[PDB]
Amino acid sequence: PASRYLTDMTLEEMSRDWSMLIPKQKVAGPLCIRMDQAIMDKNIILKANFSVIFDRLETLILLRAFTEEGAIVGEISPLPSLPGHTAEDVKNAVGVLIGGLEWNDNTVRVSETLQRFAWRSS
């Protein structure tokens, strides 16, 4: 099947409202990165929702960052203009958020489903 939607998150998790106590935000190419500076010493799970064409990444719809208690503390997503992006853009945006969260000695686990596609080649 040549188009699949890979959904780390639930519906409720995709659309939930969240807020940063101490906002940090950055534009990496065609992607916006967000993280709450207030958060420290937490293990953090990256959950991604994205699409895939044949066996390669198509689009990242949304990635959110979760504490082990289910609280959202960060997010990556496409710029409101919704432009095209590469796996490399993504690899890069994920790296930059890992660095950001790691400042307050949080541990970050990437989405294994996304990384399986984003760290691919030809």
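Note that residue numbering begins at 1 and tracks the sequence as displayed.
Visitor: Going by the average Cα B-factor in the PDB entry, point out whether 81-89 or 68-76 comes out higher.
Guide: For C-alpha atoms only, the mean B-factor is higher in 81-89.
Visitor: Tell me which stretch, 59-67 or 23-31, has the higher mean Cα B-factor listed in the entry.
Guide: That would be 23-31.
Visitor: What third of its chain's C-alpha B-factors does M40 belong to: lowest, middle or highest?
Guide: Within its chain, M40 is a middle-third residue by C-alpha B-factor, going by the deposited values.
Visitor: Quick check on the deposited entry: does the C-alpha B-factor of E13 sit in the lowest, middle or highest third of its chain?
Guide: Within its chain, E13 is a middle-third residue by C-alpha B-factor, going by the deposited values.
Visitor: So where's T7 on the chain's Cα temperature factor ranking, which third?
Guide: Lowest third - that is where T7 ends up once the chain's C-alpha B-factors are sorted.
Visitor: Would the CA B-factor of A48 place it in the lowest, middle or highest third of its chain?
Guide: As the PDB entry reports it, the C-alpha B-factor of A48 lands in the lowest third of its chain.
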